[PDB]
Every structure is written in structure tokens, then in C-alpha cells.
């Protein structure tokens, strides 16, 4: 990829600054030009790509530096001497390797690359291997403990005993009750192939990787330790040495991963206090060896959560230097923007949002950009970027690079890691190819195949063409400012897929409802998953797919609480907040990216809010759209009084004729033949458009379909779907 980058924040109000971090692998400088994004879908059959150039607001030419992406998580203990004494060196850990077929993976290492001095303890399908530096003029010593290690808890160690003139490398299975527990060891004579380190031999101590930066560990490490003497003799042929076996003197370090589970620090419990720092956001708050099932929450039982899960594809915070900054002038109207980057014919877009001042709005409407959901889907490598799609990207002039070809940009929370575990973290401090104008997600046979940021621009482009002024706020803005940020507006509008939320963003929308506002839920499958977040780890979102529902992977028992903020993760249902309580409808069906039509329930025209159907002939409508060819499609929401729909809900229309591939949302089911309402599951395959009054003075309008806004621009913005939204926004504006 020639040029790409990211910003430290995704939204800034008047007087706030966005720092942009660009990586350019050209030898010539690049250009940055501010644009306002109007339509980001490059499908020729629709409005096409549309920007408003604002180079006169911000323009610049800047020097190109090529900055790298290094996936793989690990911990660095810095500013420590080389380990060892004249008596020797001992190091070890409790480990659970989750992908040994991937090669040499380092448990712990300390290596001065220049002086060829240090140690490294590694595992692979060959067993447990010790590498010792031998100086500038000898190849390294290697001692191998051949064992067939599986995905279980093992104790691994090496010991250099000068007095006995022996090296030992061993591995013992922690659970001795299994039928054939592994216990192997290798004994070599030392023969002055090792001598106590010297002051200049110093280097950082790493856990999970090796620096001469490679051999990233996949799986769990628990309680690593280093000692520079042999264990105090106490009274099974051999056992693994652990930190408890050493005098406090002899301990060089002993890390307890149970301390600080919601932080990036690994704590050393010896008086040396040789702490370390985790890099690339490994997964904490996972079961360790003492976990037995009686404890399920790391906040009250940290000794059962005394391990950290490392993955060789973890990616958080690229650490790129800031190429330029932009401070929002008090005259730039709130909207959706980007920095068009350009060099050698290659272009990127760095999207960001200009947020209104709290309490003084610039329009009657505000749109909520679903940045938590964008970030959770960020860089989803869907394995679908085949020749036919790659061809369409060219023909249409769409954003040229896809996560399937670019694993250097890391994964989404819809992916699995290399060892097969679910990706629980997603960073926004990296290039997010899936949030670029022009990016296509699906080879859509009946439309563009655009999602999230790009598909949300259908609505922003429609809002503009119909003369509706709007301000834009993000999920982070709601997290920061609360309902008070929304209160000034006559209606709040969602995107096409507001799926991921915190208690703060849900509370912002409910408080806005309670203040008397109007809510336009213009998507499907909203308010379904919880995200975790921390002030202590900015730029990361956490997702733990607990219990059930439609999920790309399943969290393990006991690991349901977030590490970032300690909250119970998973379905919002699972924390007593169903979508129906916010917007009257809830996720009920999911199928492929294909849409269908609505049918008017004409009984509605006479009820409160049935005038919203005026100028829609019917009885069908909406059988068109840039998102899968229909206004009701992909993921659908319907009414459930039991799941919280208000008794005054007015169903205006109800979809039909979805393909046989549409099935029921699992979390709505007690069995494969009965819903939670004890109806049959086929009653779930439908999208329902509803209207109701909140009882606080405002109303709610819900479409329950991700593809709904994809139909707005059909027939040059003149169609039934366009007419319906116009009726809503006119009504919501008195």
C-alpha cells in the first residue's frame, strides 16, 4: 500500500485538533487536502462518489516517511541488567500453547544482539528449546527437550548450574491426573559453554517474543520468573522449579499477571520491582491454571485470572509520528469530513468528524455516526476478495485495497486469531481500510455491497439533497458528553447499523428520549452488543461474545467480564437492556446481503402516525435499493411485546418474500421450534416499520433493516422510501 494512515481521534469540535499519522513509502512528498464526504458509494448505478473540496480551508504538502506495522503481542521489561550469576541462571513459566504448528514461539528471552549474549526459551512442535549466546565469535548453544506438547497447561524451565556443570531443560504437565502426563527433561554438561554475564551484556527482558522482533507466542503465559541461583533445597523423580522454590535473594523477577488486569503493566513481586509493559494489546482477564469454576469474575477473584493470552497477530497502536494537524475553525460547519492524501497517483482518505459545540446546535437534526460499530468491524478480512470482486473494484473506481490482501493492518472482532481464538480487541490507532470512502464489502449482485461508513453515506447524501441541515456526532462524543449533547436537537438519526454500544451511549439516547426528543432508528440490528473501553487504553474497543446470539465466535466459560472496564460483556439482552426497550423492535432475522419489499398494513393509516404513510400508494413498496436491491434486507428487526415493545406501538409496514436463506436470530429462541414468545421461529423472518410516542413529548420511528437507507436515492431521490423518511423528518421538526 503506497499511502495510508490514521488519526489520534475521530471527532473534534470547534477549537479541537486532529493529529494525522500518515505512512508513505514514496520518495516524494505527499499532499493533504480537506474534503467533505457527501456520497462514498462508487456504484455507477447510483449517485456516485461526491466530495466538496476545501483545500482553501486546509491544504499542505508534507515529507513522506514509510512507517511500519508489526503485529504480535508481548511484554517488555526494560532497564534491567543481564540475568545470571557465577552460580548460574534459572527461568521458567506456566504456559498453554494454542498454536504450536506455527513455528518457534518464545516464552521468555533476553538478548543483546550486538554482543551475541543472552538466553531464549522457546517452544514448537519439536519440544522445548534453550538458546544461549556464545559471544561474537561462536554460534549459539541449543539444548532441546523433545516433547509433544498439546493445548494444555505445562510448566517449562531451564536451569544453568555451574557447580554441577549441567544445563537442564524440562517440561512437566501441570495436571498429573491425566492418563499419560508429560514429564521430559534434557541434561547436558555445561563445559564452560556459559559464564556469568557482564555489565555490558545487558538488554531488555521479553515475555512472548524474541529480539535479535520475532517468534511471537500464541497462548497463555502465567507467572514467569527469573532467578540467578539454585533453589533452596527442600525435602517424583524431578519437578519443575517455580518462583516459590527460591529465596527472595535469588529471585531476579517474578511476574504476577493477576495484578492490574485492566492495565498494560505486568508487575514484578520481588523487591527489584522490575515491571514490564505489554505491547499490541494482548488479551487479559482469561482463565489461569487455578481457575476451577467457583469464580467467574476477575474483579473479585484475580488469582483465577493470573494469565495473559498472547497472539502473533495482535495489533494495537502503530505509534506513527504526526505528519500534520488540523484545528477545527469555529466557522467549519459540523459534518462528515476526510483528508484526501495524494502521492504518485495513489490516494487515501483519513476520515474524521467535525462535532458541534455542546448546547449550541447548527441544525435541527443530528446524525449519530456509529464509530463503535465501524471500529468493531474494522479490517474484517472476510475471505471474499476474489477475482470477480477485485475486478468490480477496478471497474467502479473503488478503494483499491482490501484486508484480505493486507494482513499487516490486523484483524476485526469478527475474525479469529491465528490460534483460532476470537479477536476480542480492535484498535482505531491503525489504518482502517474498511472506513475509507469508496470501500466495497460485498460482491453485491443487486447493488453496491457497501456497509457501515460507506452505506451510512446514502443517508447523508439524501439528507443533503432534500434540504435537511444536520450536525454529526460520534459514539465517542456520546460517551464523552451524554444526553446533554443530543438535547438541543429536534430529532436524532442513527446510521444503518448501530450495533455496538456502552451503557453511556445507550443512556445518552434514552435520556434524549426522556427529554422529549424524537428518535429516527434508520437501520437494523441495533443496540445488540456491548463494548468495553477505558481511559487507560485509549483507542481500543473490547468485544466478548458471551452466552449466545448470532456470533462469529464464542467466549469461554468464566471470561465474560471485560478486561478494559470490568463490565459483563456480550448481548445487551444479557445485561437486561433489549433493543425493543429503546426503539420498539429488535433483531429477529439475518440472511445474506439481499433485500425485499415492505407491505403496508393499511389499518395503520387511520391510527396515530399513519399519516406518515401519506403519498405511498401501496400495498407494496421499497422493492429497490443500492444495498441488496430491497429496502428490507440483510438483518431485520420486528416487534416483541415480551421483549419490551410498548403497548402503543403502531406497526406501519411489514416485509415479506425474503429468500429461504434468512433464518432466526438464535438469542430469540428457546428451541429450534419455539421463540421466547412461544411462537414458531418463522414469525421472526420479517422487518417491521413502527412508530410510537414515548410519553415524554416526542416519538420514535424505526425501520428495523440495515438496507433501508440504500433505497433512498432510487429514481433520483423520488420513490416511496424517500417519501416516507421525508414525512418522518417533517413531522419530527414541529
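Residue numbers count along the first chain shown, from 1.
Novice: Are residue 235 and residue 236 truly consecutive in the deposited sequence, or are residues between them missing coordinates? Give the number as none, 1 to 3, 4 to 9, or 10 or more.
Specialist: 4 to 9 residues lack coordinates between residue 235 and residue 236.
Novice: According to the entry, how many residues of the deposited sequence fall between residue 212 and residue 213 and are not modelled? Options: none, 1 to 3, 4 to 9, 10 or more.
Specialist: Count of unmodelled residues in between: 1 to 3.
Novice: When the C-alpha temperature factors are averaged for each of 419-427 and 316-324, which stretch ends up with the higher value in the entry?
Specialist: On average, C-alpha B-factors are higher across 316-324.
Novice: Pick between 72-80 and 643-651: the one whose mean CA B-factor in the entry is higher.
Specialist: Higher mean C-alpha B-factor in the PDB entry: 643-651.
Novice: Between 498, 397, 181, 570, where does the Cα B-factor run highest in the record?
Specialist: Among 498, 397, 181, 570, the PDB entry lists the largest C-alpha B-factor for 397.
Novice: Return the residue from 547, 222, 535, 295 that has the highest Cα B-factor in the entry.
Specialist: If I rank 547, 222, 535, 295 by C-alpha B-factor, first place goes to 535.
Novice: Lowest, middle or highest third: which one holds residue 449 when the chain's residues are ordered by CA B-factor from the entry?
Specialist: For residue 449, whose C-alpha B-factor we compare with every modelled residue in the chain, the answer is the middle third.
Novice: What third of its chain, lowest, middle or highest, does the C-alpha temperature factor of residue 700 fall into?
Specialist: Its C-alpha B-factor, which the entry lists for residue 700, ranks in the middle third among residues of this chain.
Novice: Which third, lowest, middle or highest, does the CA B-factor of residue 675 fall in along this chain?
Specialist: Its C-alpha B-factor belongs to the middle third of this chain's values.
Novice: Just say lowest, middle or highest third for the CA B-factor of residue 380 relative to the other modelled residues in its chain.
Specialist: Ranked within chain, residue 380 CA B lands in the middle tercile.
Novice: What third of the chain does residue 619 rank in for C-alpha temperature factor, lowest, middle or highest?
Specialist: For residue 619, the deposited C-alpha B-factor lands in the highest third.
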